[PDB]
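The structure appears right after this line, and notes come after that.
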Ligand SMILES: [Mg+2]
């Protein structure tokens with residue numbers, strides 16, 4: 001029902017339900033070279049129904065697109081997809 005972050009084979013896998021279908025979709029990311037912007041672009045490419053997507057800190061401050069996925073996953077964040085906000089809780093990993 002929500003957005004999960006699970007490490008598989010050493011890499012974070014973010015799983016989400018996208019608005020156009022029920023089938024959940026997963027996004028494996030490279031912490032040290034992918035950015036927030038890359039992930040958001042992948043989401044948009046996956047579902048044309050997505051009009052708006054953005055990531056925010058738990059305090060509701062927008063997270064810069066250039067920020068590395070490793071940094072994003074140091075703490076909780078919010079992922080907004082159209083009119084829904086997901087509270088995402090990554091497992092804490094040093095770095
Ligand atoms: Mg915190």
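Elements of the type strands (runs of 3 or more DSSP E) sitting completely within the chain and holding at least 1 residues that are surrounded by 14 or more Cβ atoms within 10 Å (Cβ to Cβ) and in contact (Cβ under 8 Å) with a residue 60 or more places away in the chain: these cover 4-8, 11-17, 77-81, 84-88. If you go through region 64-95 and keep only what is within 13 Å of the ligand (Cβ to nearest atom) and farther than 20 Å from residue 7 by Cβ, you end up with just 78. All conditions but one from (1) within 16 Å of the ligand (Cβ to nearest atom); (2) within 22 Å of residue 8 (Cα to Cα) apply to residue 41; the one that does not is (1).
Taken together, the values in this text are just the output of simple stated rules run on the coordinates, not laboratory data. Heads up, the Cβs are rebuilt from the backbone with ideal geometry, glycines too, and the neighbour counts pull from every protein chain shown.
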